[PDB]
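Starting from 1, each residue takes its place in the sequence as its number.
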Amino acid sequence: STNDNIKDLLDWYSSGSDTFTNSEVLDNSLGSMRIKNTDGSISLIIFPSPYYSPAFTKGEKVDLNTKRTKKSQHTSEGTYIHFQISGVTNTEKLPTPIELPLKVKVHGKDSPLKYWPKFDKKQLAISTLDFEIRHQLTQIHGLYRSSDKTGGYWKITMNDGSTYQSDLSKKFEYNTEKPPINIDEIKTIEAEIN
């Protein structure tokens with residue numbers, strides 16, 4: 001038996017993410033952006049943090065690696081709208097896709113990775129890194145599925161000593177999210193479950 005909060009975390013992190021490339025900015029406002037994707041759909045994305053406030057202008061191209069907050073809608077004027085949160089970066093790519101240095105320990109013992117993808121983008125928002133990491137944990141390591149795997153943390157260490165960390169017993173803190181980072185500058189990523 002797990003507590004209801006753990007039940008919310010399982011539903012959020014076990015579902016997938018939304019990925020769109022080379023979308024165009026239609027509008028940028030305080031806390032939100034209207035974006036037009038290549039397949040013709042529109043994305044309304046919210047940005048709750050004062051530290052991560054996208055400054056792209058109308059007409060610029062961006063990539064989306066985000067999560068939806070509710071079901072998409074078909075509008076009277078024939079449009080299809082997605083409701084999402086965070087995850088907008090520039091379109092810079094890496095010379096070659098890299099695999100990120102993730103090590104996982106479940107209750108002290110090392111747990112091997114399975115189907116951990118490579119990344120070809122130069123920048124990724126910290127919330128995207130958060131769900132990729134936690135998705136690997138729920139799907140391959142049993143996080144949130146049983147009463148014994150309901151806590152821990154992940155920690156990212158950069159080549160310069162800067163670190164980012166997140167508490168597994170709580171949903172990601174979007175309201176305090178810092179700006180996207182260059183993934184090629186990540187030294188290590190550690191995750192522990194308790």
Side-chain angles (χ1 to χ4, degrees), residues 4-94 97 100 115-139 143-145 154 164 166-168 170-183:
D4 284 22
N5 169 55
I6 298 300
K7 287 184 181 63
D8 290 325
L9 295 178
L10 208 215
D11 272 3
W12 177 261
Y13 292 104
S14 59
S15 53
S17 51
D18 293 349
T19 302
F20 292 91
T21 56
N22 230 78
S23 300
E24 186 182 304
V25 178
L26 259 33
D27 185 58
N28 185 358
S29 300
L30 181 67
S32 70
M33 291 177 81
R34 177 180 281 253
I35 295 167
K36 194 185 186 65
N37 309 123
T38 60
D39 62 359
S41 59
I42 304 306
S43 278
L44 294 180
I45 312 176
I46 66 183
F47 291 88
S49 174
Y51 310 107
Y52 172 29
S53 178
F56 299 107
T57 50
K58 189 172 180 75
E60 292 210 63
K61 264 59 175 187
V62 292
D63 281 335
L64 281 55
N65 292 261
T66 183
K67 289 281 283 169
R68 64 236 225 189
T69 67
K70 57 171 154 176
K71 289 182 186 294
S72 300
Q73 289 170 28
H74 297 266
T75 67
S76 327
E77 53 281 354
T79 68
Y80 191 83
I81 301 175
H82 300 284
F83 304 96
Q84 296 148 334
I85 181 168
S86 191
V88 170
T89 48
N90 68 39
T91 54
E92 261 194 277
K93 304 299 169 182
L94 239 31
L100 294 179
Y115 326 114
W116 175 242
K118 272 179 162 185
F119 289 100
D120 75 312
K121 279 174 61 50
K122 168 76 168 175
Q123 287 213 322
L124 284 190
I126 299 159
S127 50
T128 302
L129 251 2
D130 174 69
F131 69 71
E132 289 297 335
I133 296 167
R134 294 159 95 143
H135 190 72
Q136 161 66 205
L137 304 175
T138 61
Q139 305 318 98
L143 211 221
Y144 307 136
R145 298 179 184 284
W154 59 249
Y164 297 87
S166 197
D167 184 358
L168 298 181
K170 292 156 178 165
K171 184 129 73 180
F172 184 76
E173 286 204 50
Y174 284 101
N175 49 294
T176 63
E177 193 183 355
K178 306 309 179 288
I181 66 183
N182 291 324
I183 72 170

**Q** Give a yes or no on whether the backbone of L10 and the side-chain of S14 come within a donor-acceptor separation of less than 3.5 Å.
**A** yes
**Q** Answer yes if the side chains of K67 and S15 hold a donor-acceptor pair under 3.5 Å, and no otherwise.
**A** yes
**Q** I'd like to check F47 versus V88 (side-chain heavy atoms, cut-off strictly below 4.5 Å). Are they in contact?
**A** yes
**Q** Which heavy atom in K121 sits nearest to a heavy atom in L94, and how many Å separate them?
**A** O-CD2, 3.4 Å
**Q** How about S43 and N37: does a side-chain donor come under 3.5 Å of a side-chain acceptor?
**A**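 Yes, because at least one side-chain N or O of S43 sits under 3.5 Å from a partner of the opposite role on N37.
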**Q** Give the minimum heavy-atom separation between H135 and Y13, together with the two atoms involved.
**A** ND1-O, 2.7 Å
**Q** Report the residues that fulfil ring pair (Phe, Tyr, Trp, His ring centres under 6.0 Å) with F131, sequence neighbours left out, ordered by chain and then residue number.
**A**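 Scan of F131 (ring pair (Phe, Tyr, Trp, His ring centres under 6.0 Å), adjacent residues dropped) gives none.
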**Q** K93 pairs by side-chain hydrogen bond (donor to acceptor under 3.5 Å, both in side chains) with which of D120, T21, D63?
**A** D63
**Q** side-chain contact (heavy atoms from CB on, under 4.5 Å), that's the test. Do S49 and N175 meet it? Break it down for me.
**A** CA-CA 4 Å; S49 174; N175 49 294; 5.7 Å; no
**Q** Apply side-chain contact (heavy atoms from CB on, under 4.5 Å) to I85 and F172, showing your working.
**A** CA-CA 12 Å; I85 181 168; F172 184 76; over 6 Å; no
**Q** What closest approach, in Å, do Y51 and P179 show between heavy atoms, and which atom pair accounts for it?
**A**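 That closest heavy-atom pairing would be O-CG, 3.1 Å.
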**Q** Consider only side-chain N and O atoms of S86 and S127, and report whether a donor and an acceptor are under 3.5 Å apart.
**A** yes
**Q** Are side-chain heavy atoms of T19 and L64 found at a separation under 4.5 Å?
**A** no
**Q** Can you tell me how far CD of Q73 sits from OG1 of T79, rounded to the nearest 0.5 angstrom?
**A** 9.5 Å
**Q** CD1 of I45 to CZ of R68: how many Å apart, nearest 0.5 Å?
**A**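 If I round to the nearest 0.5 Å, the distance is 13.0 Å.
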**Q** Looking just at side-chain N and O atoms, do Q139 and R134 make a donor-acceptor pair shorter than 3.5 Å?
**A**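 The criterion, which ignores hydrogens and geometry beyond distance, is not satisfied for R134 and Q139.
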**Q** Determine whether a donor-acceptor pair (N or O, by modelled atom type, separation under 3.5 Å) exists between the side chain of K170 and the backbone of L168.
**A**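 Checking the backbone N and O of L168 against the side chain of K170, no donor-acceptor pair under 3.5 Å is found.
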**Q** Using the salt bridge (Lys or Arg N to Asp or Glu O under 4.0 Å) rule, collect all pairs that involve residues 50-61, keeping only residues at least two apart or in two chains.
**A**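 Salt bridge (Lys or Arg N to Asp or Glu O under 4.0 Å) check on residues 50-61 returns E24-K61.
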**Q** Verify the distance criterion only: is there a donor paired with an acceptor across the side chains of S29 and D27 at less than 3.5 Å?
**A**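 Short answer, yes.
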**Q** Does a sphere of radius 6.0 Å around CZ in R145 hold more than 12 heavy atoms from other residues, nucleotides or ligands, not counting ones at 6.0 Å or beyond?
**A**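 More than 12 within 6.0 Å, yes.
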**Q** Please evaluate residues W116 and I133 with respect to the criterion side-chain contact (heavy atoms from CB on, under 4.5 Å), reporting the C-alpha separation (whole Å), side-chain torsions for both, the decisive distance (0.1 Å), and the verdict.
**A** CA-CA 9 Å; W116 175 242; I133 296 167; 4.1 Å; yes
**Q** Calculate, to the nearest 0.5 Å, the distance between atoms OG and CD belonging to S17 and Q84 respectively.
**A** 10.0 Å
**Q** Check whether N65 reaches the backbone of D18 with its side chain - one donor and one acceptor, N or O, closer than 3.5 Å.
**A**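 No; zero donor-acceptor contacts below 3.5 Å.
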**Q** Which pair of heavy atoms, one from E132 and one from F119, lies closest together, and at what distance?
**A**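 Scanning both residues completely, I find the closest heavy atoms to be CG-CZ, 3.9 Å.
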**Q** Identify the two heavy atoms, one from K36 and one from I42, that lie closest to each other, and give their separation to 0.1 Å.
**A**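 In terms of heavy atoms, the two residues are closest at CG-CD1, 3.7 Å.
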**Q** Using the ring pair (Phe, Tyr, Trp, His ring centres under 6.0 Å) criterion, which residues pair with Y80? Sequence neighbours excluded.
**A**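 For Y80, the residues satisfying ring pair (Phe, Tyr, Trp, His ring centres under 6.0 Å) (neighbours in sequence not counted) are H74, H82.
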**Q** Could you measure the distance from the CZ atom of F20 to the OG1 atom of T66? Nearest 0.5 Å is fine.
**A** 9.5 Å
**Q** Identify the heavy atoms of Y52 and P180 that sit nearest to each other, and give their distance.
**A** CE1-CD, 3.6 Å
**Q** Starting at CD of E177, measure out to OG of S166 and round the result to the nearest 0.5 Å.
**A** 10.0 Å
**Q** Run the side-chain hydrogen bond (donor to acceptor under 3.5 Å, both in side chains) check on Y144 and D8 step by step: do they pass?
**A** CA-CA 9 Å; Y144 307 136; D8 290 325; over 6 Å; no
**Q** A side-chain contact here means heavy atoms from C-beta on lying under 4.5 Å apart; do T91 and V62 qualify?
**A**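 In short, these two side chains do not touch, never coming nearer than 4.5 Å.
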**Q** Quick check: does any side chain N or O of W154 sit under 3.5 Å from a backbone N or O of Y164, one acting as donor and the other as acceptor?
**A** no
